[PDB]
């Protein structure tokens, strides 16, 4: 009895999964590409770990995350594969529960990790208090499409402190601050949405994963997690928190997935 794990997001979640590539199976939970390929971590990312290392039973990963993704190019634009387009790919291919992915409300989990690029690209040009409700509302409408399809189990990851990535640190403490304050407002409104959605539907199981606090813990005390500092970059994915100046490595993603496991037990795969 597999858990069908449909994920949506940006570079922090991408694996290069193609809807026309090898599809997920008990023998190949990720489908394509090989576990550990296609990520920004030098190895598995949090989805690969959740699927093959932290899983308590069979998890099949259909990972529609695309690098550079914002929520909707009508709001904060970036790349064609925005979150709205990922939901469209889901609607086109998997929403009708084909024989290849015969999911049901009882065994499908829809995981969304979005906002890094929305905030990254709009934190200095928009008013967080009045603009992030628009982004969050678009995210909610996308979620409602899956709810209409029969999805009932949802996992939302709030935005991690990319304010403290080397990419943003280099821009100076003023910029870090302005980005971080914007991001905090986004994450509050995300939390409020997930709570309202959960309450309003009444028949959904949802998890809001506070990636922000988790990675902030590590950044604040890196040596306690085996990292030499909070700022070095190493593309081996394990020597430093950061695999490149904007993305954490496989060691971080594994720590996050291990932190996420107990919180995911109620979703059925963990």
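Residue numbers count along the first chain shown, from 1.
A summary of the deposited B-factors shows that, of 41-49 and 198-206, the stretch with the larger mean C-alpha value is 198-206.
For the segment pair 160-168 and 78-86, the entry gives 160-168 the higher mean B-factor, averaged over Cα atoms. Looking only at 100, 187, 117, 73, the residue with the top Cα B factor in the deposited structure is 100. In this PDB entry, residue 143 carries a Cα temperature factor that places it within the middle third of its chain's modelled residues. The PDB entry assigns residue 155 a C-alpha temperature factor belonging to the lowest third of its chain's modelled residues. Split the chain's modelled residues into thirds by C-alpha temperature factor. Residue 62 is in the lowest one. In this PDB entry, residue 213 carries a Cα temperature factor that places it within the middle third of its chain's modelled residues. Among the modelled residues of the chain, residue 180 sits in the middle third by CA temperature factor in this PDB entry.
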